[PDB]
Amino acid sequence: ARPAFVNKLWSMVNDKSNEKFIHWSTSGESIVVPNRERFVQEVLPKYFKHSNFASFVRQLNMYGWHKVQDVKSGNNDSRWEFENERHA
């Protein structure tokens, strides 16, 4: 009994066929999306029909996922990484 989004994400991240567009960080708990554009084109449509990146992130935020902001303003803006507030 887990929310449809939670399952969609779990399924999406663990499916090896999406490895090039979305995957777990090396032995970690953060979700790496190497290129926003490619992810939206190749992966998103398989799990969400009426969706865009902004709505997806909004869903992620709801489940405690936040965008890692480690880039000193000085792959560029297409790289996204999410880490959850609930961690060890």
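If you superpose the two forms and keep the largest set of C-alpha atoms that fall within 1.5 Å, you have the rigid core. Start at 1 with the first residue shown and count on from there.
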note = Core-superposed comparison in 5 other deposited structures of this protein: bigger Cα RMS shift among 56-64 and 24-32 is in 24-32
inquiry  = Comparing against the shown form in 5 other deposited structures of this protein, which stretch has the larger RMS C-alpha deviation after a rigid core superposition, 11-19 or 76-84?
reply    = 76-84
task = Going by the record, give me the number of deposited-sequence residues missing between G74 and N75 as none, 1 to 3, 4 to 9, or 10 or more.
result = 4 to 9
query = Going by the B-factors listed in the PDB entry, is the mean over the C-alpha atoms higher for 61-69 or for 75-83?
reply = 75-83
44-52 versus 22-30 - greater average Cα B-factor per the deposited record = 44-52
